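Asks: Attaching a single structure in structure tokens format; questions to follow.
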Amino acid sequence: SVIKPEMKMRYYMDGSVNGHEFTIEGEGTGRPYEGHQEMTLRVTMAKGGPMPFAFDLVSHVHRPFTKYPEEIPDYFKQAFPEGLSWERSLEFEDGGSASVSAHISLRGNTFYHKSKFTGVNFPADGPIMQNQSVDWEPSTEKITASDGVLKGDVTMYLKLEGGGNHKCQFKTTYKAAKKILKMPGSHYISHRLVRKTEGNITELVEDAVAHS
């Protein structure tokens, strides 16, 4: 098996939100069978200076890192060595929205994760553009299968500075590069994604566990 108990990650993203272009590059380490990742990510604005949005907007942008019980087929680890891609729509409760897609490849014990992100129609005084969210709440995503691909649906909430919630619906399609021999049936993935940010540098930790 090509998925080892310790693995490494390299990340690159081309993105833009409300017209502001940026890149993100970073790296981490993780334990795929424990469903744990931790990484450091660095944002660079094309015009320079501090990023003019909350990092939660892109933090959710690596399913091999999910603890799967033996009794649920693990599509994401089965997708390797050949590769795994995914696509996601975000719809925020204030009319902001975004589309992102990523391709994940593997060389040696290192995953290379390459993404393109476009975010539009965020209110200038809303919590994403004003950097007022601080994390996502933990969530449970429902995973369903059809025709060799998976779909995930999860109602997410930003935690706001000083206490509110702000809703975002995620709809994701997950696509193995090569046809998967053992497809799972419908199930859930429990996530806890937590960030600690200093300006344009963010440390992120995710813990994810599948269950039926």
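If you're wondering about the labels, chains in the structure tokens are A, B, ... by order shown, residues count from 1 in each chain, ligands from 1 in order shown.
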As a list in words, please: the residues near residue 169 of chain A (cut-off 9 Å, only C-alpha atoms, same-chain neighbours under 5 positions excluded).
Replies: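 Within the cut-off, the hits are residues 89, 90, 91, 92, 93, 153, 154, 155, 156 and 157 of chain A.
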Asks: Contacts of residue 209 of chain A at 6 Å or less, counting only C-alpha atoms, minus same-chain residues fewer than 2 places along, as a PyMOL selection string?
Replies: chain A and resi 66-67+189-190
Asks: Output the selection as a PDB file, in the first residue's frame - N, CA, C and O atoms for each residue.
Replies:
ATOM      1  N   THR A  66      -8.465  10.739   6.434  1.00  0.00           N
ATOM      2  CA  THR A  66      -9.731  10.493   7.150  1.00  0.00           C
ATOM      3  C   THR A  66      -9.557   9.122   7.766  1.00  0.00           C
ATOM      4  O   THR A  66      -9.177   8.174   7.089  1.00  0.00           O
ATOM      5  N   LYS A  67      -9.879   9.014   9.040  1.00  0.00           N
ATOM      6  CA  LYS A  67      -9.849   7.641   9.623  1.00  0.00           C
ATOM      7  C   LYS A  67     -11.088   6.855   9.174  1.00  0.00           C
ATOM      8  O   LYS A  67     -12.253   7.169   9.539  1.00  0.00           O
ATOM      9  N   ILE A 189     -18.709  11.850   7.337  1.00  0.00           N
ATOM     10  CA  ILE A 189     -17.376  12.137   7.829  1.00  0.00           C
ATOM     11  C   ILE A 189     -17.539  13.291   8.850  1.00  0.00           C
ATOM     12  O   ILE A 189     -18.074  14.352   8.495  1.00  0.00           O
ATOM     13  N   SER A 190     -17.094  13.054  10.092  1.00  0.00           N
ATOM     14  CA  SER A 190     -17.052  14.097  11.165  1.00  0.00           C
ATOM     15  C   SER A 190     -15.710  14.835  11.026  1.00  0.00           C
ATOM     16  O   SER A 190     -14.662  14.178  10.963  1.00  0.00           O
TER      17      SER A 190
END
Asks: Which residue is closest to residue 191 of chain A? Choose from A:175, A:166, A:62, A:103 and count only C-alpha atoms.
Replies: A:62
Asks: Given only C-alpha atoms as the basis, pick out the residue of A:176, A:43, A:17, A:124 nearest to residue 98 of chain A.
Replies: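 Looking at the shortest contact to residue 98 of chain A, the residue is A:17.
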Asks: Segment 83-181 of chain A near segment 8-12 of chain A within 7 Å: what's each residue's closest atom pair and its distance in Å to one decimal, counting only C-alpha atoms, ordered by chain then ascending residue number, as a Markdown table?
Replies:
| residue | atom | partner | partner_atom | distance |
| --- | --- | --- | --- | --- |
| A:109 | CA | A:8 | CA | 6.0 |
| A:110 | CA | A:8 | CA | 4.5 |
| A:111 | CA | A:9 | CA | 4.7 |
| A:112 | CA | A:10 | CA | 4.9 |
| A:113 | CA | A:11 | CA | 4.8 |
| A:114 | CA | A:12 | CA | 5.0 |
| A:115 | CA | A:12 | CA | 6.5 |
Asks: So which residues touch residue 24 of chain A within 7 Å, counting only C-alpha atoms, skipping near sequence neighbours fewer than 4 positions away, as a ChimeraX atom specification?
Replies: /A:12-14,41-44
Asks: For segment 180-186 of chain A, find every residue with an atom within 6 Å (counting only C-alpha atoms), except residues of its own chain fewer than 3 positions away, and show them as a compact mmCIF listing (two decimals) with N, CA, C and O atoms, in the first residue's frame.
Replies:
# COMPACT_ATOMS: atom_id res chain seq x y z
N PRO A 73 -15.60 1.04 2.93
CA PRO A 73 -14.58 1.16 1.92
C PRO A 73 -14.05 2.59 1.85
O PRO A 73 -14.83 3.55 1.93
N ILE A 143 -21.80 11.69 2.88
CA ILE A 143 -21.09 11.26 1.71
C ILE A 143 -21.99 10.24 1.01
O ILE A 143 -22.51 9.30 1.64
N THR A 144 -22.21 10.45 -0.29
CA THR A 144 -23.08 9.53 -1.07
C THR A 144 -22.31 9.14 -2.37
O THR A 144 -21.33 9.84 -2.80
Asks: Of the candidates A:119, A:64, A:15, A:163, which one gets nearest to residue 96 of chain A if we count only C-alpha atoms?
Replies: A:119
Asks: List the spatial neighbours of residue 49 of chain A as a PyMOL selection string - criterion: any atom at most 12 Å away, only C-alpha atoms, same-chain residues fewer than 3 positions off excluded.
Replies: chain A and resi 20-22+43-46+52-53+199-200
Asks: Keeping only N, CA, C and O atoms, write the selected residues to a file as an mmCIF file, in the first residue's frame.
Replies:
data_model
loop_
_atom_site.group_PDB
_atom_site.id
_atom_site.type_symbol
_atom_site.label_atom_id
_atom_site.label_comp_id
_atom_site.auth_asym_id
_atom_site.auth_seq_id
_atom_site.Cartn_x
_atom_site.Cartn_y
_atom_site.Cartn_z
ATOM 1 N N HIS A 20 -9.513 40.152 -5.815
ATOM 2 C CA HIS A 20 -8.129 40.272 -5.190
ATOM 3 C C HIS A 20 -7.448 38.955 -5.525
ATOM 4 O O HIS A 20 -7.853 37.899 -4.966
ATOM 5 N N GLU A 21 -6.378 39.026 -6.320
ATOM 6 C CA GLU A 21 -5.640 37.781 -6.681
ATOM 7 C C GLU A 21 -4.567 37.489 -5.663
ATOM 8 O O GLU A 21 -3.916 38.400 -5.120
ATOM 9 N N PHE A 22 -4.331 36.187 -5.446
ATOM 10 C CA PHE A 22 -3.395 35.741 -4.437
ATOM 11 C C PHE A 22 -2.931 34.329 -4.767
ATOM 12 O O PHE A 22 -3.528 33.642 -5.629
ATOM 13 N N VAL A 43 0.141 33.027 2.632
ATOM 14 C CA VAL A 43 -0.572 33.749 1.587
ATOM 15 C C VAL A 43 0.282 34.874 1.068
ATOM 16 O O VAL A 43 0.885 35.628 1.866
ATOM 17 N N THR A 44 0.333 35.003 -0.255
ATOM 18 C CA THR A 44 0.859 36.165 -0.889
ATOM 19 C C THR A 44 -0.172 36.820 -1.819
ATOM 20 O O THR A 44 -0.588 36.205 -2.833
ATOM 21 N N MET A 45 -0.508 38.072 -1.511
ATOM 22 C CA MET A 45 -1.399 38.892 -2.364
ATOM 23 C C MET A 45 -0.655 39.364 -3.586
ATOM 24 O O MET A 45 0.562 39.794 -3.471
ATOM 25 N N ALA A 46 -1.310 39.355 -4.734
ATOM 26 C CA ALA A 46 -0.574 39.769 -5.955
ATOM 27 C C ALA A 46 -0.146 41.262 -5.826
ATOM 28 O O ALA A 46 0.917 41.659 -6.345
ATOM 29 N N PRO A 52 -6.924 40.540 2.469
ATOM 30 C CA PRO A 52 -8.105 41.355 2.736
ATOM 31 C C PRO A 52 -9.352 40.493 2.915
ATOM 32 O O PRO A 52 -10.435 40.948 2.558
ATOM 33 N N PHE A 53 -9.149 39.295 3.472
ATOM 34 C CA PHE A 53 -10.263 38.382 3.780
ATOM 35 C C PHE A 53 -9.902 37.380 4.872
ATOM 36 O O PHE A 53 -8.716 37.126 5.183
ATOM 37 N N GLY A 199 -1.302 36.949 10.590
ATOM 38 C CA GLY A 199 -1.211 37.803 9.400
ATOM 39 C C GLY A 199 -1.454 36.894 8.218
ATOM 40 O O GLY A 199 -2.507 36.249 8.126
ATOM 41 N N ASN A 200 -0.447 36.783 7.361
ATOM 42 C CA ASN A 200 -0.567 35.956 6.163
ATOM 43 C C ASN A 200 -0.046 34.541 6.325
ATOM 44 O O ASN A 200 0.002 33.822 5.329
#
